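For reference, the structure is listed below as structure tokens.
Chain identifiers are assigned alphabetically (A, B, ...) following the order of the sequence lines, protein sequences preceding nucleic acid strands; residue numbering begins at 1 within each chain.
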Amino acid sequence: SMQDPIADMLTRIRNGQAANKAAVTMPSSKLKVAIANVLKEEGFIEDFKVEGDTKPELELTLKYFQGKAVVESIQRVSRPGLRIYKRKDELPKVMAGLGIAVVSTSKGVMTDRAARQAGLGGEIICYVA
Amino acid sequence: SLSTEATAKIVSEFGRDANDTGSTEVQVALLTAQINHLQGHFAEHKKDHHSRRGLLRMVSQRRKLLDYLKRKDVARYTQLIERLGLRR
Amino acid sequence: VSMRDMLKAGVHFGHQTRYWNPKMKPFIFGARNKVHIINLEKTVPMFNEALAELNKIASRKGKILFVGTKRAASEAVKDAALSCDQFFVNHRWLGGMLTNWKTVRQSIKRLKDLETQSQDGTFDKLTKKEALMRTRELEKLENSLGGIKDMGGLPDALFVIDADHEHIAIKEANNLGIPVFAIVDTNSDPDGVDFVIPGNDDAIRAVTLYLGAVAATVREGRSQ
RNA sequence: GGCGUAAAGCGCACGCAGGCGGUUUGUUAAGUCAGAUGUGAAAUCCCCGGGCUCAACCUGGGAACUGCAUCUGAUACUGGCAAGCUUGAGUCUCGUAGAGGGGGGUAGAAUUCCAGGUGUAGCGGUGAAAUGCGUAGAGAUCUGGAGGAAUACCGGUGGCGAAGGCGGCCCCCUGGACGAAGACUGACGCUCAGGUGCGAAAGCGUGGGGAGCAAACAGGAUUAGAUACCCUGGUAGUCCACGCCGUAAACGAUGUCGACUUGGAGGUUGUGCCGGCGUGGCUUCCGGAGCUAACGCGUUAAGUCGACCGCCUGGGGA
């Protein structure tokens, strides 16, 4: 059954980028909206939006710069089968700094950069590059 | 299978309107009625394995529904298994 | 060129829905009698910008190669390039004409000496039999290289007919970074062409339409 | 790190423990995170210096000791709690297709046998023969009867079933799947060690049955030999009821479930609209990206992910 909606969303993003899809439409969740916020505020995707009252649908508009997909490697890190937590001292760096590690911290879902600046640890949601 | 009249009778006797079929009480009543009927079929047909698998499916579905009710509301669970004579 | 002439000459008339390529869904509006109709609003601007690039490359004295081999347009293409001051290849393509120019150059050198042997009286000092083989070499090499005898260097751009039929030439030209232009049906592929121009090339009317329009724009570019 | 073919998906299923868990709100603060306090002996290791002529070595200070407990905070995520929601899952109505299962009955074709009629020197078999059957009348042909087993055509890389498997026709009892409109519950889910059940053929036990076929066995050939291949016979067994066995190259050599990702040529069954325009499921074949060692797989994945389980770790021994 469906048990990892976050990894499902990352997979839909990755498959759309490999299929050169313009946009992907999926059931919407508040954590999905938060990761879409983090991805939009870092330029990995164009924009997002949500439609639906009882059953909100999350539609992400993908972006491609020189024909090729913007997101190169997007990967689920902390999974239901194995949850991953890092203290601020030991937060990861994706692509030696060029990418992001989406880190849910106590002050919201933010990147590894914002978490490190804010002096916080948290759960390591996904790597993006 | 249970005749249409029997299904309607059980739904009315266990649903909180003439059109309440999906509730846990109605479902468990229907499963119990079908099992009570099928015991007579399988008394004559101890070799009817292909139908016994479906009977055991009904058994397992009923067990899961009773467990769900028990964690959901103990009062309705006791009332339900009292109304039927279900062991647990 | 404009939408009305394209619809008149059956530019929109593509191939069957069973022969449609997976990559040409945007270039088509819908279906009728199981024949796909190439979008005619998406055709005019793309065709015109390809024409404009051809015109610009005609300012730099840039060479253009016209490619189309099927019998329906052989004379049509061979004239559409003859009256353009540009080289062509209209018969059975020898694979490696571009990537292996260092051997077919010797081939065309032999052809040139054999065709100056045509107007030399050479086919009179031999015993009426070697002349047969020399004339057959003339015939076969003229068929194989009917427009690029005076080519004198790899062509600068590749204007092609039925991109799928000439995928060898297309991939050869891609292998050296040469701009490539394709008159490409719905049943063909845009991956090897940097300028994709959806349009029928089996309808001889459509072939003549594209060839005449591109000839007009290239002659205009070469005027200045 | 792997499990189509190199070693590796249990034959299949159900299911307890366990592992994991769609969406919204409030609350809690356990996991998680921040800071502090205490402790984490010294030494060692590392860093910055000092002393032996240097170095080893000794030595000052720090860092480190990645841990544990307490305290105060933060609430994004997981967990607990409480209430919701319907899209996962499930129940109801009508309808569809099916060799799905159990039991009972019946029908025609064919074989064998028994009886009879007609009829006479062959029949049968083989590469060639012989064994064998036939003058006590065979084979052939016609008629009557007995019996057992299997169900021609339909018939379809069709269908149904978890797998094993299921094929004339009729009836009774009975499981599942799917579809169009709705109505109802409201996460009730997925997977599953242990466990339980089912599970080809052969085989075993008890009692029946026995046409054909045929292990064993016998004879005739073949052959250097022929405990075979071929021929002539032929008993278990194949059939039935009950119980057992529990294994197959039980194979897609491909675990289940869910989500996502170009196309095309065929077949199949529902439902909407006027033979065409759609809408759900299934099935065969090629093939793109991608993947693979390659072969190949390719929306029915062997592609991209997630949950859980099973399994592998050179060949032989085994």
- Sugar-phosphate only, base, or nothing, as touched by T17(C) at under 4.0 Å among non-hydrogen atoms: sugar-phosphate

- Task: Calculate the interatomic distance between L55(B) atom CG and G100(D) atom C1'; express it in whole Å.
- Result: 16 Å

- Message: Within the 4.0 Å heavy-atom criterion, would you say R62(B) contacts the bases, only the backbone, or no part of the nucleic acid?
- Response: nothing

- Query: Stacked or not: do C58(D) and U59(D) have six-ring centres under 5.5 Å apart and planes under 30°?
  - Reply: yes

- Message: Under 4.0 Å, heavy atoms only, any strand: does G22(B) hit a base, just the sugar-phosphate, or nothing?
- Response: base

- Message: So, with the rule that both contacts fall under 3.5 Å, do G26(D) and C85(D) count as a Watson-Crick or wobble pair?
- Response: no

- Message: Is there a side-chain contact between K46(B) and the phosphate of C242(D), meaning an N or O under 4.0 Å from OP1 or OP2?
- Response: no

- Task: Please work out if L10(A) contacts a base, only the sugar-phosphate, or nothing of the nucleic acid, heavy-atom cut-off 4.0 Å.
- Result: nothing

- Query: Contact class for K30(A) (heavy atom, under 4.0 Å): base, sugar-phosphate, or nothing?
  - Reply: sugar-phosphate

- Query: At under 4.0 Å, does any side-chain N or O of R12(A) touch on OP1 or OP2 of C305(D)?
  - Reply: no

- Query: How many Å lie between CG on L56(B) and P on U196(D), as a whole number?
  - Reply: 15 Å

- Message: Considering every strand and a 4.0 Å limit on heavy-atom distances, what is the contact class for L30(B): base, sugar-phosphate, or nothing?
- Response: sugar-phosphate

- Query: Under a 3.5 Å limit on both distances, do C242(D) and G205(D) form a Watson-Crick or G-U wobble pair?
  - Reply: yes

- Using a cut-off of 3.5 Å for both contacts, decide if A115(D) and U143(D) are a Watson-Crick or G-U pair. yes

- Message: Does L31(A) reach a base, just sugar-phosphate, or nothing at all? Heavy atoms under 4.0 Å.
- Response: sugar-phosphate

- Message: Between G132(D) and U131(D), is the stacking condition met, i.e. ring centres under 5.5 Å and planes under 30 degrees?
- Response: yes

- Considering only heavy atoms and no angle criterion, is a donor-acceptor pair shorter than 3.5 Å present between the side chain of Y85(A) and the base of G31(D)? yes

- May I ask you to say what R53(B) touches in the nucleic acid, namely base, sugar-phosphate or nothing, with a heavy-atom cut-off under 4.0 Å? base

- Message: Can you see a Watson-Crick or G-U wobble pair between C123(D) and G132(D), using both distances under 3.5 Å as the test?
- Response: yes

- Are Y210(C) and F47(C) near enough that their ring centres are under 6.0 Å apart? yes

- With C1' as the reference atom in both, quote the distance from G209(D) to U254(D) in angstrom, rounded to an integer. 45 Å

- Task: Return the value, rounded to whole Å, for the distance between atom CZ of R57(B) and atom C1' of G176(D).
- Result: 7 Å

- Task: May I ask you to say what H15(C) touches in the nucleic acid, namely base, sugar-phosphate or nothing, with a heavy-atom cut-off under 4.0 Å?
- Result: nothing

- Item | Atom P, compared across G207(D) and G104(D): separation rounded to whole Å | 22 Å

- Message: In this structure, do the base rings of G98(D) and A99(D) stack on each other (centres less than 5.5 Å apart, planes differing by less than 30°)?
- Response: no

- Item | Chi-angle category of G243(D) [syn within 90° of 0, anti beyond] | anti

- Query: How about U299(D) and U300(D): do their bases stack, with centres under 5.5 Å and planes under 30 degrees?
  - Reply: no

- Would you confirm whether the neighbouring bases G237(D) and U238(D) count as stacked, given the thresholds of 5.5 angstrom between ring centres and 30 degrees between planes? yes

- Query: Within the structure shown, what part of the strands sits under 4.0 Å from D48(B) by heavy-atom distance: base, sugar-phosphate, or nothing?
  - Reply: base

